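So you know, we letter chains A, B, ... as the sequences are listed, proteins then strands, and number each from 1.
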Amino acid sequence: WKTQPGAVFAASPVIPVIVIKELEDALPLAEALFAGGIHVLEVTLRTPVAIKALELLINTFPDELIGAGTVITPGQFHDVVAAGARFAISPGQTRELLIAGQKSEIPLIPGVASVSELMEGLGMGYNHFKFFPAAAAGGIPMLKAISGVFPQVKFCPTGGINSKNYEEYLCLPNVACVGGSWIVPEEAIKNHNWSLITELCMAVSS
Amino acid sequence: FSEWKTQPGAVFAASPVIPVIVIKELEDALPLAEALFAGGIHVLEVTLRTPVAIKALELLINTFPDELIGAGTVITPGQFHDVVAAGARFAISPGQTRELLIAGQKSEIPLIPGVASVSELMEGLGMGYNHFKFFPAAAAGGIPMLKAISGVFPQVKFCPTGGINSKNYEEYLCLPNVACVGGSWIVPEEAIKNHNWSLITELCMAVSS
Amino acid sequence: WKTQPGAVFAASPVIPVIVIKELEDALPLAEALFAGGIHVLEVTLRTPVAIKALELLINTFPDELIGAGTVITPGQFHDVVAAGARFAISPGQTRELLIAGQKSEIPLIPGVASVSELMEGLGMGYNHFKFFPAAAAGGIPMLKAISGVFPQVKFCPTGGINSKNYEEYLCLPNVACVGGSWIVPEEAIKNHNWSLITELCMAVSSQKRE
């Protein structure tokens, strides 16, 4: 790991959760994010073209922190490493995935939602996690309770984070950044509203 | 993995509501079953929550061999082997362990394990499971939890159980990743104790039609 | 196990979750707890002096049920056992910690927050658990739903339990006791407010019925 997990969190207060259904949208969406001050991109493995979109983004804009999300299996993890991803994010964790991230060249950010899941990740050497789905898995009260026992663990809450609540999450001492789709809404991507997306990103990156 | 003759999706497709059956008195098994059948419910989950449960399971399977009768509250591999040997057509669990998931993939009979977090779901997927009980649904994040999961695992199918009732079950059934729900409200212990088989049939008919 | 997990839960309706910053406060705090009827002490591994306080309390009061909390790792479990702890409590569980507790004469109370976590503990011989953080992880509805499927499993809910809600938790058939800092607030410890701590403990001791 040359890129440290903490670098995936320090890049932006908000990590955009990107769903790319059409490959032609990948590059103009990325340029819109860059113009809006966002230099970390999580390309989720949720569509057939996602791997090709990740490859296209890394080939075109290699000096951005472009990684993959929804990495569920070791096989997907090796696929995104091979595609050039700078990091891998998962909505949860498995033992196999945690093992795979130990010997990897790029950081894995596993997802957890209970103290035992956190402790399993900690035992494997991980101390940067996604908290997912944050709003449905206990929200701010959960993160405060965890902070009292694991003050040094750092989280990126994702899932139900939006304009109205994201500052409340960011203010927590164990929250390094948040993630969500509200700055890259699917409707604006589908309809090529790139300048709008820049404006939504500017509202959170300034 | 998951090449069972009886597929979990077929179990889920048989009824919008799987009744969570608690049988305390063996004499109640047949009339309770008749009330369910009459109310259009032909998938029965006999829970392993009472001393007579295994006997009631065996009695129901032997008496009604053409019905889709299985077991619930299957916690251990030993209990799973017990309900297989009793003739259960499926096993449902409120959660999962590696050993339980291993037992289900070694069996002719499908296992429907329980999950409540994304990591638990991911361990289940790693063992070839993609049909799960979500338990206890209402206390483990409810509809917002299921909606969040659907955006990330759109193919995974759930049977939410735990706090599902007449007033909210349709809200759960409308979700794209919910194939059916489970609950005791259509087989309530008060009606079973009173031998109120007409009421049970009426409750079942309301959800099956 | 020299002490049974159920004995840890049966000692008091409320286990005091102790954060001790100054070693000289350990003996006077114990006196305030004893005077309020409470003889189970959970010294949390959250301060530099916690291990030394644990050892001091056990050596001073060997006949009291003095144990450790916030035991995260097998290494910490071995440290508190060597320190003389009568029990160890964890906010969660891992396979490694469950294995370590199997090999000890000192009871381990793992923390769980889902049925699958409970089942992993059950499979390794555990049926007394902390439910943490109780108020944020599903609360009373979660415990009630679990009680129907695991009537043999006993819980100590901790995290967000206070004087306003603890009796509601205690009424549940699968809740043997609760844990909380509200009967041992850090401000009262720092200020040597033993009369307040004793008053708070006396209130929860009159709720002990077995």
Side-chain angles (χ1 to χ4, degrees), chain A residues 144-145 147-152 173, chain C residues 3 7-9 11-21 23-73 75-91 106-107 109 111 130 132-133 156 158-163 166 177-186 188-208:
Chain A
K144 287 182 177 177
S147 173
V149 174
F150 303 92
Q152 313 306 325
Chain C
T3 304
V8 178
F9 285 2
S12 175
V14 182
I15 297 178
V17 175
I18 299 167
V19 179
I20 173 104
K21 302 182 179 179
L23 192 56
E24 87 174 10
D25 286 341
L27 261 50
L29 169 60
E31 294 299 325
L33 291 167
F34 301 160
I38 296 190
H39 307 276
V40 53
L41 279 72
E42 183 191 331
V43 180
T44 65
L45 301 181
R46 298 180 192 178
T47 61
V49 302
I51 282 293
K52 287 200 299 295
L54 178 66
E55 299 170 338
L56 172 60
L57 286 161
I58 293 154
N59 290 310
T60 305
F61 308 114
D63 294 334
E64 312 282 343
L65 198 64
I66 296 168
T70 328
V71 181
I72 310 296
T73 63
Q76 281 179 312
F77 180 78
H78 301 140
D79 293 340
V80 303
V81 166
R86 274 42 174 152
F87 64 87
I89 296 180
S90 186
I106 302 306
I109 312 292
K130 187 164 97 170
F132 175 82
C156 178
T158 305
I161 315 291
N162 49 61
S163 62
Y166 83 103
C177 61
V178 298
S181 62
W182 90 91
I183 57 166
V184 282
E186 282 173 39
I189 304 176
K190 174 187 194 292
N191 296 130
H192 300 170
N193 198 165
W194 312 133
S195 69
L196 171 61
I197 289 173
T198 296
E199 174 173 17
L200 292 166
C201 292
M202 282 291 215
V204 309
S205 286
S206 48
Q207 303 286 305
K208 182 157 61 149

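- From C:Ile38, atom CD1 reaches atom CE of C:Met202 across 10.0 Å, with rounding to the nearest 0.5 Å.
- The shortest distance between side-chain heavy atoms of C:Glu42 and C:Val40 does not fall below 4.5 Å.
- Between C:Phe87 and C:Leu65 there is a side-chain heavy-atom pair separated by less than 4.5 Å.
- If you check the side chains of C:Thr70 and C:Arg46, you find a donor sitting under 3.5 Å from an acceptor.
- In this structure the side chain of C:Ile109 never reaches within 4.5 angstrom of the side chain of C:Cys156, judged on heavy atoms.
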*asked:* Could you walk me through whether C:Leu196 and C:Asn191 satisfy the side chain to side chain contact (heavy atoms under 4.5 Å, CB included) test, starting with their C-alpha distance in whole Å, then the side-chain angles of each, then the deciding distance to 0.1 Å, before giving a yes or no?
replied: CA-CA 11 Å; C:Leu196 171 61; C:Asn191 296 130; over 6 Å; no
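- Nearest heavy-atom pair across C:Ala30 and C:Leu41 is CB-CD2, 4.2 Å.
- Across all non-hydrogen atoms, the minimal contact from C:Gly36 to C:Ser205 is O-OG, 2.8 Å.
- For the atom pair C:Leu23 CG and C:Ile51 CD1, the distance stands at 12.0 Å (nearest 0.5 Å).
- Here the side chain of C:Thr158 pairs no donor or acceptor atom with the backbone of C:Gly180 at under 3.5 angstrom.
- Looking only at side-chain heavy atoms (C-beta outward), C:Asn193 and C:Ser195 come within less than 4.5 Å of each other.
- The line from CG of C:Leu45 to CD1 of C:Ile72 is 8.0 Å long, rounded to the nearest 0.5 Å.
- Side-chain atoms of C:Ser90 do not come within 3.5 Å of backbone N or O of C:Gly111 as any donor-acceptor pair.
- Between C:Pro185 and C:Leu200, some side-chain heavy-atom pair lies under the 4.5 Å cut-off.
- Shown here for C:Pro28 and C:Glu24, the closest heavy-atom pair between the two residues is CD-O, 3.2 Å.
- In this structure, the side chains of C:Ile106 and C:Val80 stay at 4.5 Å or more apart for every pair of heavy atoms.
- Atoms CG and CD, on C:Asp79 and C:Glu55 in that order, are 9.5 Å from each other to the nearest 0.5 Å.
- In this structure, C:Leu56 and C:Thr60 approach most closely via the heavy-atom pair O-OG1, 2.7 Å.
- Ring geometry for C:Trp182 versus C:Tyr166: interplanar angle of 30 to 60°, hence tilted.
- The environment of CD in C:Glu31 is crowded: more than 12 heavy-atom neighbours from other residues, nucleotides or ligands sit within 6.0 Å.
- The closest side-chain heavy-atom distance from C:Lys21 to C:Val49 is not below 4.5 Å.
- Taking CG of C:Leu29 as the start and CD1 of C:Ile20 as the end, the distance is 6.0 Å to the nearest 0.5 Å.
- With values rounded to the nearest 0.5 angstrom, C:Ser12 atom OG is found 6.0 Å from C:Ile183 atom CD1.
- Residue A:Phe150 comes nearest to C:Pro91 through the heavy atom pair CZ-CG, 4.1 Å, listed as atom of the first residue, atom of the second, then distance.
- Contact between C:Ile189 and C:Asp25 at its shortest, heavy atoms only, is O-OD2, 3.7 Å.
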